[PDB]
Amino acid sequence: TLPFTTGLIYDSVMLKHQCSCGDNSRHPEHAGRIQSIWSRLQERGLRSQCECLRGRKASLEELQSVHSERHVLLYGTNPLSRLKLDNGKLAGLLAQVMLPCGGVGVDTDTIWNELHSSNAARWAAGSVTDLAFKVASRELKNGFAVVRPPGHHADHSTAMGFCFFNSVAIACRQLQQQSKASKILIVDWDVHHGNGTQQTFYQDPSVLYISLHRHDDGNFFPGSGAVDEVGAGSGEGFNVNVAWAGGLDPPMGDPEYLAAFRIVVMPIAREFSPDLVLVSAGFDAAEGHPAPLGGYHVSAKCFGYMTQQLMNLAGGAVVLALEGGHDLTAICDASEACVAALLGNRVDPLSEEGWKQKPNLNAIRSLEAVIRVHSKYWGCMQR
């Protein structure tokens, strides 16, 4: 197996996105997330195995492949850039939130550093885009983007849920611009639904979006992504919401996620037959996250095994991008497990006794609804 065919993407640029209040306590999407992962990668000796990349900033045009021109100018530029903008744009920017902590924000959760946040978000997006292009051209086999802020909640003209630009959706669009007719699968295992991603590709049959998320009948952030949302127009059938219902008791964990993969993720993905796979790889379904931030128990090995299964797709062209997840030990274990798998380490499903347990009933039920709905569109889902 070829050396240096797995890319890692990281840069200290992305650390500077911090509220001016200097308190990681009230801001869970903090710089420590990526830095703790980065060093773990070095320590366990994986970094040296990978083509390491710095990333770069997304251009305003790359941004506009997903987001509106006004969103891009709001979050993609600074006062007062050396940017050549016409006075009409400059004036629009003159026409236009205080946080409890005294920092500036877009909303309560979503903080804005007036010096650094625009650079860090553009850098997250450009880095996933670049790590991906390498895989698409096939100079690399797969890879992992250690990026923040996250992306999957940002829609055409909305920043929310810690996110400003949808780095994954942007990479997806860029890829497709450069290889005509290519088919892209986005798998989003962050515990939250990637509303911006679903919306971006909702009427687009060239992209298959599969989200697994805690849903609980419309009652978990962001409240979107019910099982019956299958896509529209041309793209009807190409949006798959594995919407987990029923809450926190019983325990949602490895047997459920493994079962989701066996029954839904993998068979639909093989039927679709993607040219490349992007992963919105949040780790907030990991053990370590309290009720309001997750409440699930997926383990690092399971994230590892899920990565390994997706490598059987697309000739192996797999790109992960960090989304959510804030327990440092939990996200470091998960990331390690994922990077090992990317390199071609194999997880032994027999090694775990807890993986002999049947999925819980809320899980089986949730999957029944996915199968019921998607039978109309997918052969593997039929009868």
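Whichever C-alpha set is largest while still superposing within 1.5 Å between the two forms counts as the rigid core. Numbering starts at 1 and follows the sequence shown.
Enquirer: Once the rigid core is matched, which of the two stretches, 250-258 or 174-182, lies farther off on average in 4 other deposited structures of this protein by C-alpha?
Expert: Greater root mean square C-alpha distance in 4 other deposited structures of this protein: 174-182.
Enquirer: Superpose by the rigid core: which stretch, 73-81 or 303-311, shows more Cα shift in 4 other deposited structures of this protein?
Expert: Farther from the shown form on average in 4 other deposited structures of this protein: 73-81.
Enquirer: If you look at the other compared entries where the surrounding residues are built, does residue 114 lack coordinates in a third or more?
Expert: Other entries vs residue 114: none skip it.
Enquirer: Out of the other entries of this protein with residues modelled on both sides, is residue 223 skipped in at least a third?
Expert: No, residue 223 is modelled in every one of the other compared entries that cover both of its flanks.
Enquirer: Please classify the coordinate gap between residue 96 and residue 97 in terms of deposited residues: none, 1 to 3, 4 to 9, or 10 or more.
Expert: Count of unmodelled residues in between: 1 to 3.
Enquirer: Could you check which stretch, 189-197 or 241-249, carries the larger mean CA temperature factor in the entry?
Expert: Looking at the record's C-alpha B-factors, the answer is 241-249.
Enquirer: So, looking at the entry's B-factor column for Cα atoms, which has the higher mean, 74-82 or 224-232?
Expert: In the deposited entry, the stretch with the higher C-alpha B-factor mean is 74-82.
Enquirer: From the list 173, 214, 122, 141, select the residue with the highest C-alpha B factor recorded in the entry.
Expert: If I rank 173, 214, 122, 141 by C-alpha B-factor, first place goes to 141.
Enquirer: In this PDB entry, which of 180, 152, 156, 262 has the top CA B-factor?
Expert: Most elevated C-alpha B-factor of the set, per the entry: 180.
Enquirer: In terms of the CA temperature factor given in the entry, to which third of its chain does residue 354 belong: lowest, middle or highest?
Expert: Its C-alpha B-factor belongs to the highest third of this chain's values.
Enquirer: Among the chain's modelled residues, which third holds the C-alpha B-factor of residue 163?
Expert: Tercile = lowest for this residue's CA B-factor.
Enquirer: For residue 344, return the chain-relative third of its C-alpha B-factor as stated in the PDB record: lowest, middle or highest.
Expert: Highest third, going by the recorded CA B-factors of the chain.
Enquirer: In terms of the CA temperature factor given in the entry, to which third of its chain does residue 129 belong: lowest, middle or highest?
Expert: It belongs to the middle third of the chain when residues are ordered by C-alpha B-factor.
Enquirer: What third of its chain's C-alpha B-factors does residue 369 belong to: lowest, middle or highest?
Expert: Lowest third of the chain for residue 369's C-alpha B-factor.
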